[PDB]
file work_31.tsv (TSV, C-alpha atoms and all ligand atoms)
chain	number	residue	atom	x	y	z
A	1	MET	CA	158.65	-134.38	-51.86
A	2	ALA	CA	155.53	-136.33	-50.75
A	3	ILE	CA	152.29	-134.52	-50.07
A	4	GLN	CA	152.49	-133.37	-46.43
A	5	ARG	CA	149.48	-133.99	-44.22
A	6	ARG	CA	148.20	-131.25	-41.91
A	7	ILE	CA	146.55	-131.50	-38.50
A	8	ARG	CA	142.94	-130.52	-39.14
A	9	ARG	CA	141.76	-130.70	-35.52
A	10	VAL	CA	143.19	-131.11	-32.02
A	11	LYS	CA	140.98	-132.87	-29.44
A	12	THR	CA	141.76	-132.79	-25.72
A	13	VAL	CA	140.33	-135.85	-23.97
A	14	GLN	CA	138.07	-135.01	-21.01
A	15	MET	CA	137.87	-137.96	-18.62
A	16	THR	CA	134.88	-138.65	-16.41
A	17	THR	CA	134.36	-140.93	-13.42
A	18	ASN	CA	131.85	-143.70	-14.21
A	19	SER	CA	132.19	-145.52	-10.90
A	20	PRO	CA	134.63	-146.10	-8.03
A	21	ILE	CA	136.37	-148.67	-10.27
A	22	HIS	CA	136.06	-147.02	-13.69
A	23	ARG	CA	137.07	-143.75	-15.33
A	24	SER	CA	136.72	-143.14	-19.06
A	25	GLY	CA	137.30	-140.65	-21.87
A	26	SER	CA	135.99	-140.32	-25.42
A	27	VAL	CA	138.78	-139.86	-27.95
A	28	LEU	CA	136.62	-140.48	-31.00
A	29	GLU	CA	132.99	-140.05	-30.01
A	30	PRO	CA	130.42	-142.54	-31.37
A	31	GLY	CA	127.82	-141.58	-34.00
A	32	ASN	CA	130.26	-139.75	-36.28
A	33	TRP	CA	131.10	-142.56	-38.72
A	34	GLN	CA	131.12	-140.06	-41.57
A	35	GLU	CA	134.15	-138.23	-40.20
A	36	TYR	CA	136.13	-141.18	-38.85
A	37	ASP	CA	135.49	-143.95	-41.43
A	38	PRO	CA	136.68	-146.71	-41.05
A	39	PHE	CA	136.84	-146.05	-37.29
A	40	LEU	CA	133.65	-146.00	-35.23
A	41	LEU	CA	134.96	-144.91	-31.84
A	42	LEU	CA	138.02	-144.80	-29.62
A	43	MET	CA	137.58	-144.95	-25.85
A	44	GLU	CA	140.12	-144.52	-23.06
A	45	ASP	CA	139.42	-146.57	-19.93
A	46	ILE	CA	141.01	-146.84	-16.52
A	47	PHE	CA	139.39	-149.77	-14.73
A	48	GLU	CA	139.62	-152.45	-12.06
A	49	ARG	CA	138.54	-156.10	-11.89
A	50	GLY	CA	134.77	-156.54	-12.16
A	51	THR	CA	134.09	-153.38	-14.17
A	52	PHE	CA	132.73	-154.99	-17.34
A	53	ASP	CA	130.27	-157.78	-18.02
A	54	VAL	CA	130.26	-160.20	-20.94
A	55	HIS	CA	128.78	-158.52	-24.02
A	56	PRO	CA	128.14	-159.46	-27.66
A	57	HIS	CA	129.52	-157.62	-30.68
A	58	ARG	CA	128.87	-158.15	-34.39
A	59	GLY	CA	129.84	-156.55	-37.68
A	60	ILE	CA	132.89	-154.73	-36.27
A	61	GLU	CA	136.43	-155.28	-35.05
A	62	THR	CA	137.79	-154.06	-31.72
A	63	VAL	CA	141.43	-153.24	-31.12
A	64	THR	CA	142.77	-152.84	-27.59
A	65	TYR	CA	146.07	-151.21	-26.63
A	66	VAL	CA	147.09	-151.66	-22.99
A	67	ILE	CA	148.89	-148.57	-21.69
A	68	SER	CA	149.45	-150.02	-18.22
A	69	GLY	CA	148.25	-152.88	-16.03
A	70	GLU	CA	147.59	-156.56	-16.70
A	71	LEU	CA	144.49	-157.42	-18.73
A	72	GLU	CA	142.63	-160.74	-18.91
A	73	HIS	CA	140.79	-161.21	-22.20
A	74	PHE	CA	137.93	-163.57	-22.92
A	75	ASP	CA	136.02	-164.24	-26.10
A	76	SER	CA	133.62	-167.02	-27.12
A	77	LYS	CA	135.65	-168.01	-30.16
A	78	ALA	CA	139.20	-168.35	-28.81
A	79	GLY	CA	138.68	-168.36	-25.02
A	80	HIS	CA	141.19	-166.81	-22.61
A	81	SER	CA	144.27	-164.70	-23.24
A	82	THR	CA	146.29	-162.01	-21.45
A	83	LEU	CA	147.80	-158.64	-22.33
A	84	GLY	CA	150.40	-156.57	-20.53
A	85	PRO	CA	151.72	-153.01	-20.86
A	86	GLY	CA	152.34	-152.11	-24.50
A	87	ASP	CA	150.48	-155.12	-25.91
A	88	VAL	CA	147.61	-155.10	-28.41
A	89	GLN	CA	144.75	-157.43	-29.30
A	90	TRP	CA	142.70	-157.43	-32.49
A	91	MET	CA	139.26	-159.00	-32.24
A	92	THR	CA	137.16	-159.51	-35.35
A	93	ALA	CA	133.55	-159.90	-34.19
A	94	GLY	CA	132.07	-160.58	-37.66
A	95	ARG	CA	128.93	-162.71	-37.52
A	96	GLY	CA	129.11	-162.48	-33.72
A	97	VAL	CA	131.13	-163.10	-30.58
A	98	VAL	CA	130.93	-162.27	-26.89
A	99	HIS	CA	133.86	-160.86	-24.98
A	100	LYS	CA	134.96	-159.47	-21.63
A	101	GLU	CA	138.08	-157.49	-20.72
A	102	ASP	CA	138.91	-157.84	-17.03
A	103	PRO	CA	141.99	-156.66	-15.12
A	104	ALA	CA	144.01	-159.24	-13.20
A	105	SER	CA	143.36	-159.26	-9.42
A	106	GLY	CA	144.91	-156.14	-7.85
A	107	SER	CA	145.72	-154.59	-11.24
A	108	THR	CA	144.36	-151.35	-12.67
A	109	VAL	CA	144.23	-151.40	-16.48
A	110	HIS	CA	144.64	-148.23	-18.53
A	111	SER	CA	143.64	-149.01	-22.13
A	112	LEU	CA	142.58	-147.59	-25.47
A	113	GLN	CA	139.72	-149.42	-27.21
A	114	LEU	CA	139.21	-148.78	-30.94
A	115	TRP	CA	136.26	-149.96	-33.03
A	116	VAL	CA	136.78	-150.57	-36.72
A	117	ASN	CA	133.82	-150.99	-39.07
A	118	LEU	CA	133.50	-154.08	-41.25
A	119	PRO	CA	132.29	-153.54	-44.83
A	120	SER	CA	129.01	-155.25	-45.75
A	121	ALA	CA	130.98	-157.96	-47.59
A	122	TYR	CA	132.68	-159.01	-44.35
A	123	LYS	CA	130.10	-158.26	-41.66
A	124	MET	CA	129.29	-161.98	-41.44
A	125	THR	CA	132.89	-163.22	-41.44
A	126	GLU	CA	133.97	-165.80	-38.85
A	127	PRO	CA	135.08	-164.28	-35.54
A	128	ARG	CA	138.86	-164.25	-35.06
A	129	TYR	CA	141.23	-163.17	-32.29
A	130	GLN	CA	144.83	-162.01	-32.66
A	131	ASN	CA	147.08	-161.46	-29.66
A	132	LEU	CA	149.74	-158.94	-30.68
A	133	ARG	CA	152.59	-158.88	-28.19
A	134	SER	CA	154.71	-155.75	-28.42
A	135	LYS	CA	157.90	-157.85	-28.54
A	136	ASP	CA	156.66	-159.80	-31.59
A	137	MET	CA	155.95	-156.75	-33.77
A	138	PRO	CA	158.38	-155.48	-36.37
A	139	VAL	CA	160.05	-152.13	-35.69
A	140	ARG	CA	161.52	-149.30	-37.70
A	141	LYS	CA	164.63	-148.39	-35.74
A	142	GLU	CA	165.93	-144.90	-36.38
A	143	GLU	CA	168.40	-142.62	-34.61
A	144	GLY	CA	166.37	-141.27	-31.70
A	145	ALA	CA	163.15	-143.12	-32.55
A	146	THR	CA	161.39	-146.45	-32.74
A	147	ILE	CA	158.25	-147.03	-34.75
A	148	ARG	CA	156.59	-150.32	-33.77
A	149	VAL	CA	154.12	-151.59	-36.33
A	150	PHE	CA	151.01	-153.31	-34.91
A	151	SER	CA	149.10	-153.28	-38.20
A	152	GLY	CA	149.76	-152.19	-41.77
A	153	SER	CA	153.09	-150.63	-42.60
A	154	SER	CA	155.57	-147.89	-41.94
A	155	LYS	CA	158.08	-147.12	-44.72
A	156	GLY	CA	157.62	-150.69	-45.98
A	157	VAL	CA	157.98	-152.36	-42.55
A	158	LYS	CA	154.85	-154.53	-42.45
A	159	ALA	CA	153.12	-156.18	-39.50
A	160	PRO	CA	151.81	-159.69	-40.19
A	161	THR	CA	148.54	-158.77	-38.45
A	162	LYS	CA	145.54	-159.94	-40.47
A	163	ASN	CA	143.31	-157.11	-41.68
A	164	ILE	CA	139.94	-156.92	-43.34
A	165	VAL	CA	139.82	-153.12	-43.64
A	166	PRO	CA	143.45	-152.09	-44.19
A	167	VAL	CA	144.56	-150.32	-41.01
A	168	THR	CA	147.96	-148.87	-40.20
A	169	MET	CA	148.59	-148.77	-36.46
A	170	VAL	CA	151.98	-147.72	-35.20
A	171	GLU	CA	153.50	-146.84	-31.86
A	172	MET	CA	156.16	-144.12	-31.94
A	173	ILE	CA	158.67	-143.44	-29.20
A	174	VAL	CA	160.64	-140.36	-30.19
A	175	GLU	CA	163.54	-138.63	-28.42
A	176	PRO	CA	163.41	-134.83	-28.01
A	177	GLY	CA	164.62	-133.07	-31.16
A	178	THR	CA	164.13	-136.08	-33.44
A	179	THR	CA	161.86	-135.89	-36.49
A	180	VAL	CA	160.05	-139.03	-37.72
A	181	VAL	CA	157.99	-139.48	-40.88
A	182	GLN	CA	154.99	-141.79	-41.33
A	183	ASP	CA	153.83	-142.58	-44.91
A	184	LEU	CA	150.11	-142.96	-45.62
A	185	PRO	CA	148.16	-143.68	-48.81
A	186	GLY	CA	146.23	-140.54	-49.76
A	187	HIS	CA	142.80	-142.09	-49.25
A	188	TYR	CA	143.52	-143.28	-45.70
A	189	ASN	CA	141.72	-141.46	-42.89
A	190	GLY	CA	143.43	-141.18	-39.54
A	191	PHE	CA	144.65	-139.50	-36.42
A	192	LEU	CA	147.13	-139.97	-33.60
A	193	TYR	CA	146.77	-140.01	-29.83
A	194	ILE	CA	149.60	-138.88	-27.58
A	195	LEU	CA	150.39	-141.03	-24.55
A	196	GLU	CA	153.42	-139.14	-23.18
A	197	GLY	CA	155.26	-135.90	-23.89
A	198	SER	CA	154.75	-133.34	-26.62
A	199	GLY	CA	155.86	-132.35	-30.08
A	200	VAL	CA	154.90	-130.56	-33.28
A	201	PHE	CA	153.03	-132.29	-36.09
A	202	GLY	CA	152.26	-132.08	-39.79
A	203	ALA	CA	152.96	-129.48	-42.44
A	204	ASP	CA	152.21	-126.53	-40.14
A	205	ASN	CA	154.00	-127.85	-37.02
A	206	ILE	CA	150.85	-127.92	-34.89
A	207	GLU	CA	151.53	-128.54	-31.21
A	208	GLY	CA	150.31	-131.67	-29.51
A	209	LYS	CA	150.73	-133.03	-25.99
A	210	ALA	CA	149.77	-136.06	-23.91
A	211	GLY	CA	146.03	-136.63	-23.72
A	212	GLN	CA	145.32	-135.12	-27.14
A	213	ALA	CA	144.13	-136.65	-30.39
A	214	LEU	CA	145.37	-134.96	-33.58
A	215	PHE	CA	143.33	-135.62	-36.72
A	216	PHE	CA	144.83	-135.66	-40.20
A	217	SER	CA	143.83	-133.82	-43.37
A	218	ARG	CA	142.23	-135.89	-46.10
A	219	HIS	CA	143.80	-136.45	-49.49
A	220	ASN	CA	143.10	-138.28	-52.77
A	221	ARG	CA	143.32	-141.97	-53.56
A	222	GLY	CA	146.60	-142.74	-55.33
A	223	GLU	CA	148.55	-139.94	-53.65
A	224	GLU	CA	151.61	-140.69	-51.55
A	225	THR	CA	151.29	-138.65	-48.35
A	226	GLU	CA	153.43	-138.21	-45.25
A	227	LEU	CA	152.98	-137.04	-41.69
A	228	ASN	CA	155.92	-135.34	-40.00
A	229	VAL	CA	156.41	-135.71	-36.24
A	230	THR	CA	159.02	-133.79	-34.20
A	231	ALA	CA	159.40	-134.52	-30.47
A	232	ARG	CA	159.87	-131.62	-28.08
A	233	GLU	CA	159.64	-133.69	-24.91
A	234	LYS	CA	160.22	-137.48	-24.87
A	235	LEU	CA	157.24	-138.49	-27.00
A	236	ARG	CA	155.13	-141.64	-27.07
A	237	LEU	CA	152.08	-141.88	-29.33
A	238	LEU	CA	149.78	-144.20	-31.27
A	239	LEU	CA	148.92	-143.43	-34.89
A	240	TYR	CA	145.83	-145.02	-36.45
A	241	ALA	CA	144.88	-144.69	-40.12
A	242	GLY	CA	142.70	-146.83	-42.31
A	243	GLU	CA	140.99	-147.24	-45.64
A	244	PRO	CA	137.45	-145.80	-45.50
A	245	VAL	CA	134.61	-148.29	-46.03
A	246	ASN	CA	132.39	-145.68	-47.70
A	247	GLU	CA	129.15	-147.48	-46.84
A	248	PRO	CA	125.99	-146.13	-45.20
A	249	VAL	CA	126.23	-146.91	-41.48
A	301	FE	FE	132.88	-154.76	-25.84
call {"tool": "encode", "arguments": {"input": "work_31.tsv", "output": "C-alpha cells"}}
result
Amino acid sequence: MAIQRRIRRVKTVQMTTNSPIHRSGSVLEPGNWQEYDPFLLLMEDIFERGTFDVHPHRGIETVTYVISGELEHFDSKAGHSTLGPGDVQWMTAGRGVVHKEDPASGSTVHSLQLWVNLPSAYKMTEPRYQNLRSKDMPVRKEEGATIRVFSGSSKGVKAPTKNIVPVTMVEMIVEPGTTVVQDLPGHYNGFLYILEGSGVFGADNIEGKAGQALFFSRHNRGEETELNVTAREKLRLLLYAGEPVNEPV
C-alpha cells in the first residue's frame, strides 16, 4: 500500500575514550547538514559527574534521551530539572541559553544528544525547556510491541511536545518475530538508532543491530511513506525523522 522506505546506509558507532570520566561516539557527525537536515548531529555519551562545563547555545534545539543513569539538567531559562532512564528533554536554545548536563553523584549517565536546526524565522525565538518523562508520553500498544511517542506522531498517536521544526521521535520496544510499521510524511528525513537487540528494516529487510544507525531513503513531499521493522532479537530503538529546513547553514 504506502510507499515503503528503504535503508540507504548503515552506520556502526565507533566509541572513543575522551577522559577517565567520559566516552563518546558520533552517530550523526557534525558538518553534514545537507544530508541530515533538519538534524545537525547526534552524539552518544557515557559520562560521570563533572564531565561538562556550562556552555551557551543559540539558534538550535537539543534533545537528550537518557539510556541509563540519573541526569541533572540545568539551563539559564528554566533552572534545574532531572531525568532518569528512558526520559527525554527538549531544549529550545533560540536567541540564547546556557546549559549543563551533569550526572547525579555516583551515577554514570549513558545518553543520546540530538541537535535540531532552527529555521531563520525562529532562530531568535525565546528559549524553552520541556521535560518529557517516559511515563507521560502517549503509546501505541500493539501485540508484541510498544511505540512510545516523544514528539510528532505514530499512526495518529500524537505527543503534546511543542515543536518548531516538526520532528517525529519514537521509542520502539519490539518482541522477537513482531513486525511494526512507522508512518512518515514523504518529505521527512530520518534514521533510527538501535539500543538493544537486532532486526530487519525497510523494504529490503536490511539487518540492523545494537549500536547501529540506519538511515532512511528520501521521498517526495505529499507522499505517504512507511518504514517496516521486524525484531529478530528483543529490540529497542529510537527513530528520529523531521521536516527539512532547506536553508543554507
Ligand atoms: Fe551543550
call {"tool": "atom_distance", "arguments": {"input": "work_31.tsv", "atom1": "atom CA of residue A:237", "atom2": "atom CA of residue A:18"}}
result
25.3 Å
call {"tool": "closest_residue", "arguments": {"input": "work_31.tsv", "among": "A:126, A:103, A:154, A:35", "to": "residue A:8", "atoms": "only C-alpha atoms"}}
result
A:35
call {"tool": "residues_near_ligand", "arguments": {"input": "work_31.tsv", "ligand": "ligand FE 301 (chain A)", "cutoff": "7 Å", "atoms": "all atoms listed in the file", "output": "PyMOL selection string"}}
result
chain A and resi 55-57+99-100
call {"tool": "closest_residue", "arguments": {"input": "work_31.tsv", "among": "A:151, A:168, A:107, A:163", "to": "residue A:50", "atoms": "all atoms listed in the file"}}
result
A:107
call {"tool": "atom_distance", "arguments": {"input": "work_31.tsv", "atom1": "atom CA of residue A:194", "atom2": "atom CA of residue A:43"}}
result
13.6 Å
call {"tool": "closest_residue", "arguments": {"input": "work_31.tsv", "among": "A:172, A:178, A:239, A:9", "to": "residue A:207", "atoms": "all atoms listed in the file"}}
result
A:9
call {"tool": "residues_around", "arguments": {"input": "work_31.tsv", "residues": "residue A:175", "least_positions_apart": "5", "cutoff": "12 Å", "atoms": "all atoms listed in the file", "output": "short mmCIF file (atom, residue, chain, number, x, y, z; two decimals) with C-alpha atoms, in the coordinates of the input"}}
result
data_model
loop_
_atom_site.label_atom_id
_atom_site.label_comp_id
_atom_site.auth_asym_id
_atom_site.auth_seq_id
_atom_site.Cartn_x
_atom_site.Cartn_y
_atom_site.Cartn_z
CA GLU A 142 165.93 -144.90 -36.38
CA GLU A 143 168.40 -142.62 -34.61
CA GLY A 144 166.37 -141.27 -31.70
CA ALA A 145 163.15 -143.12 -32.55
CA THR A 146 161.39 -146.45 -32.74
CA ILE A 147 158.25 -147.03 -34.75
CA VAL A 180 160.05 -139.03 -37.72
CA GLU A 196 153.42 -139.14 -23.18
CA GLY A 197 155.26 -135.90 -23.89
CA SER A 198 154.75 -133.34 -26.62
CA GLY A 199 155.86 -132.35 -30.08
CA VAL A 229 156.41 -135.71 -36.24
CA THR A 230 159.02 -133.79 -34.20
CA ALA A 231 159.40 -134.52 -30.47
CA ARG A 232 159.87 -131.62 -28.08
CA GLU A 233 159.64 -133.69 -24.91
CA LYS A 234 160.22 -137.48 -24.87
CA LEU A 235 157.24 -138.49 -27.00
CA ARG A 236 155.13 -141.64 -27.07
CA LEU A 237 152.08 -141.88 -29.33
#
call {"tool": "atom_distance", "arguments": {"input": "work_31.tsv", "atom1": "atom CA of residue A:108", "atom2": "atom CA of residue A:28"}}
result
22.7 Å
call {"tool": "residues_around", "arguments": {"input": "work_31.tsv", "residues": "residue A:52", "least_positions_apart": "5", "cutoff": "9 Å", "atoms": "all atoms listed in the file", "output": "list in words"}}
result
residues 47, 100, 101 and 102 of chain A
call {"tool": "closest_residue", "arguments": {"input": "work_31.tsv", "among": "A:245, A:3, A:67, A:164", "to": "residue A:220", "atoms": "only C-alpha atoms"}}
result
A:3
call {"tool": "residues_around", "arguments": {"input": "work_31.tsv", "residues": "residue A:19", "least_positions_apart": "3", "cutoff": "10 Å", "atoms": "all atoms listed in the file", "output": "PyMOL selection string"}}
result
chain A and resi 16+22-24+47+51
call {"tool": "residues_around", "arguments": {"input": "work_31.tsv", "residues": "residue A:106", "least_positions_apart": "6", "cutoff": "12 Å", "atoms": "all atoms listed in the file", "output": "VMD selection string"}}
result
chain A and resid 21 47 to 50 69 to 71
call {"tool": "residues_around", "arguments": {"input": "work_31.tsv", "residues": "residue A:240", "least_positions_apart": "2", "cutoff": "12 Å", "atoms": "all atoms listed in the file", "output": "compact mmCIF listing (two decimals) with C-alpha atoms, in the coordinates of the input"}}
result
# COMPACT_ATOMS: atom_id res chain seq x y z
CA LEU A 28 136.62 -140.48 -31.00
CA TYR A 36 136.13 -141.18 -38.85
CA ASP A 37 135.49 -143.95 -41.43
CA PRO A 38 136.68 -146.71 -41.05
CA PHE A 39 136.84 -146.05 -37.29
CA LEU A 41 134.96 -144.91 -31.84
CA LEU A 42 138.02 -144.80 -29.62
CA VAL A 63 141.43 -153.24 -31.12
CA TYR A 65 146.07 -151.21 -26.63
CA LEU A 112 142.58 -147.59 -25.47
CA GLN A 113 139.72 -149.42 -27.21
CA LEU A 114 139.21 -148.78 -30.94
CA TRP A 115 136.26 -149.96 -33.03
CA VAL A 116 136.78 -150.57 -36.72
CA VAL A 149 154.12 -151.59 -36.33
CA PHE A 150 151.01 -153.31 -34.91
CA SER A 151 149.10 -153.28 -38.20
CA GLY A 152 149.76 -152.19 -41.77
CA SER A 153 153.09 -150.63 -42.60
CA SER A 154 155.57 -147.89 -41.94
CA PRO A 166 143.45 -152.09 -44.19
CA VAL A 167 144.56 -150.32 -41.01
CA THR A 168 147.96 -148.87 -40.20
CA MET A 169 148.59 -148.77 -36.46
CA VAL A 170 151.98 -147.72 -35.20
CA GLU A 171 153.50 -146.84 -31.86
CA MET A 172 156.16 -144.12 -31.94
CA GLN A 182 154.99 -141.79 -41.33
CA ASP A 183 153.83 -142.58 -44.91
CA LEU A 184 150.11 -142.96 -45.62
CA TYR A 188 143.52 -143.28 -45.70
CA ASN A 189 141.72 -141.46 -42.89
CA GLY A 190 143.43 -141.18 -39.54
CA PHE A 191 144.65 -139.50 -36.42
CA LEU A 192 147.13 -139.97 -33.60
CA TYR A 193 146.77 -140.01 -29.83
CA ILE A 194 149.60 -138.88 -27.58
CA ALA A 213 144.13 -136.65 -30.39
CA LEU A 214 145.37 -134.96 -33.58
CA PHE A 215 143.33 -135.62 -36.72
CA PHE A 216 144.83 -135.66 -40.20
CA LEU A 227 152.98 -137.04 -41.69
CA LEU A 237 152.08 -141.88 -29.33
CA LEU A 238 149.78 -144.20 -31.27
CA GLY A 242 142.70 -146.83 -42.31
CA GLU A 243 140.99 -147.24 -45.64
